[PDB]
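Below: the structure, in structure tokens.
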2 protein chains.
Amino acid sequence: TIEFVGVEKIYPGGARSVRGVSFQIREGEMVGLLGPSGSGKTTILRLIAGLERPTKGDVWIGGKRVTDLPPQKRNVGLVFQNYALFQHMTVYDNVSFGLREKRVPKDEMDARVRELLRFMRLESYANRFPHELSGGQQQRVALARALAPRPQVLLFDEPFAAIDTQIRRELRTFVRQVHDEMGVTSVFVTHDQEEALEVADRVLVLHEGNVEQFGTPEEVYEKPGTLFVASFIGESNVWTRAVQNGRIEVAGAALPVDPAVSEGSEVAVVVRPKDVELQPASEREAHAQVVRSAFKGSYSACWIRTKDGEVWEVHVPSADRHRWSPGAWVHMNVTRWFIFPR
Amino acid sequence: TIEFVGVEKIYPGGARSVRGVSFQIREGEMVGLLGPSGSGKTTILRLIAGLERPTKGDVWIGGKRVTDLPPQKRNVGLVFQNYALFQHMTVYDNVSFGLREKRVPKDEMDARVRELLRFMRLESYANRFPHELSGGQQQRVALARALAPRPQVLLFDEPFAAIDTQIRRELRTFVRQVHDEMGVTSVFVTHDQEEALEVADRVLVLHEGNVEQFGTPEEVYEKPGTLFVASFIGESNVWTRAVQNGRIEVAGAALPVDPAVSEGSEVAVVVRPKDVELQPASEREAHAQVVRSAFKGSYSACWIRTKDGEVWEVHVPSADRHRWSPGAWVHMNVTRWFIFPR
Ligand SMILES: [Cl-]
Ligand SMILES: [Cl-]
């Protein structure tokens with residue numbers, strides 16, 4: 001339902017620039033705009049809202065060129081951190097606000113509102129004012145207000161920041177359940193790759209104002225298109241190695257390098273913490289020495305320092321929470337990896 | 001090096017109250033004060049700093065009663081979000097600030113500063129001003145300034161908020177490496193249980209101004225002292241069940257209940273997402289129906305809805321990323337659990 005055609009919006013300061021972007025978001029899809037602060041992800045969200053206008057290129061929604069139409073003129077609803085519930089209005093009135101302008105007759109406006117309130121578990125709070133509710137409940141009300149008018153597109157601008165970690169997690173699960181229910185098209189901004197993998201159908205990875213990759217969680221995690229995607233999605237150990245005899249040396253192992261990479265050129269080897277296995281050994285021949293471990297529930301995190309001074313992060317099964325002690329010497333076993341040209 | 005003795009500081013509004021707390025933090029230990037917003041965790045950090053004073057009880061540091069001593073009078077350094085590097089001073093001068101007041105002669109102040117700068121990889125930035133550095137580098141400078149005077153205690157008040165997820169993670173790994181190096185005693189505030197498990201030696205779980213538990217990451221995760229600890233550390237599915245015939249029914253399984261829990265009383269069953277196994281089945285006898293799955297790298301997250309309408313979150317191995325499709329019917333297998341009295 002959304003499309004950017006060679007959209008460009010450059011800021012002389014760098015951050016926030018969008019550098020000639022094009023993509024197509026499917027109807028009913030939930031897309032996460034994932035990137036570093038100032039990578040262009042927020043500008044893109046704002047370009048879809050109409051809060052910003054492209055210097056070149058166009059924005060389409062529902063096959064409808066809306067590049068020059070204001071926010072009010074687009075079929076999109078906003079759930080922004082920039083927002084604020086009407087503090088002196090009850091939950092009921094905050095939510096009816098949108099229907100209030102579509103000239104919907106009283107009876108139908110009412111049924112629409114009651115509909116949204118029960119769906120979102122806010123019936124017991126209809127006659128309450130925003131200050132009487134928890135932040136969590138206030139976000140449910142904001143999503144109800146945005147949805148009332150039946151928007152075509154739903155835009156989220158990190159509305160859950162300044163929230164406690166646990167409530168933030170319950171919220172994203174709620175927003176997802178609501179999305180699947182309302183069948184709308186949703187786009188959200190985030191600098192947290194875990195959040196993107198968790199709720200998005202597809203992820204748009206942004207970097208320096210360009211789209212690095214646009215794919216499913218599995219796609220961006222298992223088949224990263226660039227070193228940036230490889231290093232920004234999931235966790236990773238990233239190091240430089242020089243190619244010699246068609247291979248690089250990683251932990252006493254020769255990793256073959258694609259023949260298209262020239263002898264003597266440098267590459268980044270990317271190895272995920274879970275993809276490295278540790279086995280006891282003597283300092284004599286050991287690859288690394290354990291700095292320390294941390295039990296994280298589903299797995300134990302183990303940091304080790306190689307002979308060359310590289311500190312690697314390795315994830316071992318919970319069933320090994322007590323296997324590696326500080327100072328201990330160990331052998332490494334890289335099992336999966338990525339290799340990208342520097 | 002730190003001890004609270006029946007410390008009490010109550011706020012008429014609830015949030016921030018500390019309700020009769022006592023604990024002992026070991027020398028060279030890194031402790032995480034983990035709790036919901038307003039649970040008393042920040043007030044406690046401030047009580048150690050001297051920024052706040054207890055209404056009752058006392059605070060000890062290094063076996064030294066300091067309850068009535070100001071921040072300046074305590075052997076503690078601050079790395080707060082409330083802070084701000086001196087923008088018009090170079091990195092070198094920002095860091096020498098502390099030594100500057102211990103009347104340390106020029107030569108020795110200089111060697112101390114150069115010492116800290118090289119340790120923290122800020123030598124190439126000595127003659128730069130704060131605005132010339134990334135936020136990440138600015139935090140390294142703040143930690144250097146706090147450490148210059150050789151504080152006994154190091155206090156962190158969520159200094160990494162308003163930071164990108166990836167840099168926040170690199171920062172905590174750095175703060176930990178520094179801590180292990182300087183051998184100081186450190187306390188940090190956090191509402192993120194994952195962060196606490198990752199870097200703390202022991203975690204102080206706060207709730208409504210009381211200490212729920214004080215133990216190692218493994219302790220609080222595997223042996224939660226209360227339902228709150230069980231539901232606040234790690235991930236969990238939490239549901240109520242009534243006891244009948246000395247057991248509760250969870251997914252077609254009878255979980256025995258400790259004989260000390262009376263017939264007819266209600267309990268909370270806590271089951272971690274990773275501790276539930278799914279196997280195909282007919283709707284006829286199936287326990288749940290898959291709402292959806294999300295690939296998260298090391299594991300696939302699967303949400304299912306039971307016949308009774310409970311939506312459970314289950315974590316299945318990456319090796320099963322494509323095994324469960326929406327609508328699909330399934331059988332559940334709870335393998336580990338906790339049971340606490342409601
Ligand atoms: Cl941006
Ligand atoms: Cl607090």
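Naming works like this for the structure tokens: A, B, ... for the chains as they're shown, residue 1 at the start of each chain, ligands 1 onward in shown order.
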
Quiz item: Within 7 Å of chain A, which residues of chain B show up when using only C-alpha atoms, listed as a PyMOL selection string?
Solution: chain B and resi 36-37+164-165+191-192+197-198+217-218+221+234+294-297

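Using only C-alpha atoms and all ligand atoms, residues with at least one atom at most 6 Å away from any atom of ligand 1 are residues 16, 38, 39, 40, 41, 42 and 43 of chain A.
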
Write out, as an mmCIF file, in the first residue's frame, the residues just selected, with N, CA, C and O atoms.
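The resulting file, part.cif, is shown below:
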```cif
data_model
loop_
_atom_site.group_PDB
_atom_site.id
_atom_site.type_symbol
_atom_site.label_atom_id
_atom_site.label_comp_id
_atom_site.auth_asym_id
_atom_site.auth_seq_id
_atom_site.Cartn_x
_atom_site.Cartn_y
_atom_site.Cartn_z
ATOM 1 N N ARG A 16 19.646 12.234 9.138
ATOM 2 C CA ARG A 16 18.268 12.400 8.699
ATOM 3 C C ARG A 16 18.113 12.384 7.181
ATOM 4 O O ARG A 16 16.985 12.253 6.683
ATOM 5 N N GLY A 38 19.644 8.806 12.994
ATOM 6 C CA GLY A 38 19.973 9.669 11.870
ATOM 7 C C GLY A 38 20.238 9.000 10.530
ATOM 8 O O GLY A 38 20.688 9.651 9.584
ATOM 9 N N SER A 39 19.952 7.711 10.444
ATOM 10 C CA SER A 39 20.184 6.940 9.228
ATOM 11 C C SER A 39 19.149 7.197 8.137
ATOM 12 O O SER A 39 19.258 6.636 7.041
ATOM 13 N N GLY A 40 18.154 8.030 8.435
ATOM 14 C CA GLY A 40 17.099 8.282 7.467
ATOM 15 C C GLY A 40 15.789 7.559 7.798
ATOM 16 O O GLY A 40 14.752 7.821 7.162
ATOM 17 N N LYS A 41 15.802 6.667 8.795
ATOM 18 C CA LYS A 41 14.591 5.937 9.147
ATOM 19 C C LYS A 41 13.441 6.830 9.618
ATOM 20 O O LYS A 41 12.278 6.600 9.259
ATOM 21 N N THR A 42 13.736 7.845 10.418
ATOM 22 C CA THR A 42 12.671 8.720 10.912
ATOM 23 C C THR A 42 12.151 9.629 9.789
ATOM 24 O O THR A 42 10.927 9.831 9.637
ATOM 25 N N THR A 43 13.074 10.148 8.986
ATOM 26 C CA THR A 43 12.695 11.009 7.867
ATOM 27 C C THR A 43 11.749 10.235 6.953
ATOM 28 O O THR A 43 10.739 10.780 6.511
#
```

Quiz item: Quick one, how far is atom CA of residue 97 of chain A from atom CA of residue 158 of chain A?
Solution: 22.4 Å

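Each of B:236, B:17, B:1, B:333 was checked against ligand 2 using only C-alpha atoms and all ligand atoms; the smallest atom-to-atom distance is that of B:17.
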
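Between atom CA of residue 215 of chain B and atom CA of residue 31 of chain B the interatomic distance comes to 9.7 Å.
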
Practice problem: Find the residues around residue 341 of chain B up to 9 Å (only C-alpha atoms counted), leave out those fewer than 5 positions away in its own chain, and share them as a PyMOL selection string. | Solution: chain B and resi 227+261+265-269

For the residues in that selection, give me N, CA and C atoms as a short mmCIF file (atom, residue, chain, number, x, y, z; two decimals), in the first residue's frame.
```
data_model
loop_
_atom_site.label_atom_id
_atom_site.label_comp_id
_atom_site.auth_asym_id
_atom_site.auth_seq_id
_atom_site.Cartn_x
_atom_site.Cartn_y
_atom_site.Cartn_z
N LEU B 227 7.17 -14.66 43.29
CA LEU B 227 6.54 -14.66 41.99
C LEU B 227 7.04 -13.43 41.22
N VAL B 261 0.34 -26.18 50.05
CA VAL B 261 -0.63 -25.33 49.41
C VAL B 261 -1.95 -26.07 49.58
N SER B 265 -7.02 -23.41 46.81
CA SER B 265 -6.32 -22.13 46.75
C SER B 265 -5.80 -21.88 45.34
N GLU B 266 -5.55 -20.62 44.98
CA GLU B 266 -5.05 -20.33 43.63
C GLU B 266 -3.53 -20.14 43.64
N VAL B 267 -2.87 -20.57 42.56
CA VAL B 267 -1.41 -20.40 42.45
C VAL B 267 -1.14 -19.83 41.07
N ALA B 268 0.07 -19.29 40.91
CA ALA B 268 0.51 -18.77 39.63
C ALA B 268 1.47 -19.85 39.12
N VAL B 269 1.25 -20.31 37.91
CA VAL B 269 2.17 -21.28 37.33
C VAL B 269 3.06 -20.41 36.43
#
```

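Going from atom CA of residue 6 of chain B to atom CA of residue 185 of chain B covers 21.3 Å.
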
Exercise. Per DSSP on the backbone, filter segment 87-316 of chain A down to the residues in strand (DSSP E) and report them as a PyMOL selection string.
Key: chain A and resi 153-157+185-190+202-207+210-215+237-242+247-249+254-256+266-271+276-280+288-295+299-306+311-316

Quiz prompt | Long-range neighbours of residue 304 of chain B as a ChimeraX atom specification, 12 Å cut-off, only C-alpha atoms, 6 positions minimum in chain | solution = /A:177 /B:237,251,273,276-278,286-293,310-315,324-332

Let's have the selection written as a tab-separated table (two decimals), in the first residue's frame, with C-alpha atoms.
```tsv
chain	number	residue	atom	x	y	z
A	177	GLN	CA	-1.93	-8.67	17.86
B	237	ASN	CA	4.21	-17.33	30.72
B	251	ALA	CA	-1.64	-28.32	28.90
B	273	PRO	CA	8.97	-19.99	26.70
B	276	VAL	CA	7.58	-25.84	26.36
B	277	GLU	CA	7.75	-28.33	23.45
B	278	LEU	CA	5.36	-28.47	20.51
B	286	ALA	CA	-4.88	-30.35	20.08
B	287	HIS	CA	-4.03	-28.05	23.02
B	288	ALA	CA	-3.49	-24.91	20.98
B	289	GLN	CA	-3.50	-23.30	17.58
B	290	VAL	CA	-0.55	-21.30	16.29
B	291	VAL	CA	-1.16	-17.59	15.99
B	292	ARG	CA	2.28	-17.01	14.50
B	293	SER	CA	6.05	-17.39	14.59
B	310	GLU	CA	-4.59	-18.35	26.73
B	311	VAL	CA	-1.91	-17.01	24.41
B	312	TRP	CA	1.41	-18.67	25.25
B	313	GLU	CA	4.86	-17.71	23.99
B	314	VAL	CA	7.11	-20.63	23.20
B	315	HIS	CA	10.74	-20.64	22.04
B	324	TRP	CA	4.90	-24.30	12.85
B	325	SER	CA	2.55	-22.35	10.59
B	326	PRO	CA	-0.35	-20.06	11.61
B	327	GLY	CA	-3.68	-21.83	12.07
B	328	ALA	CA	-1.80	-25.08	12.68
B	329	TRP	CA	-3.02	-27.19	15.64
B	330	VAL	CA	-0.57	-28.36	18.31
B	331	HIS	CA	0.09	-30.28	21.52
B	332	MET	CA	2.12	-28.63	24.32
```

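Proximity ranking of B:93, B:107, B:170, B:181 relative to residue 141 of chain B places B:93 first, based on only C-alpha atoms.
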
Quiz prompt | Close residues, residue 99 of chain B itself excluded, 7 Å, only C-alpha atoms, min 4 positions apart in chain, as a PyMOL selection string | solution = chain B and resi 104+109+148-149

Quiz item: Can you list, as a list in words, every protein, DNA or RNA residue that comes within 8 Å of residue 153 of chain A when you count only C-alpha atoms, leaving out same-chain residues fewer than 5 positions away?
Solution: residues 1, 75, 76, 77, 184, 185, 186 and 187 of chain A

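Using only C-alpha atoms for every distance, the candidate list B:131, B:56, B:342, B:19 yields B:19 as the residue closest to residue 206 of chain B.
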
Quiz item: In terms of the shortest atom-to-atom distance over only C-alpha atoms and all ligand atoms, which of B:106, B:305, B:322, B:207 is closest to ligand 2?
Solution: B:207

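Proximity of B:302, B:220, B:339, B:120 to residue 242 of chain B, computed with only C-alpha atoms, is greatest for B:339.
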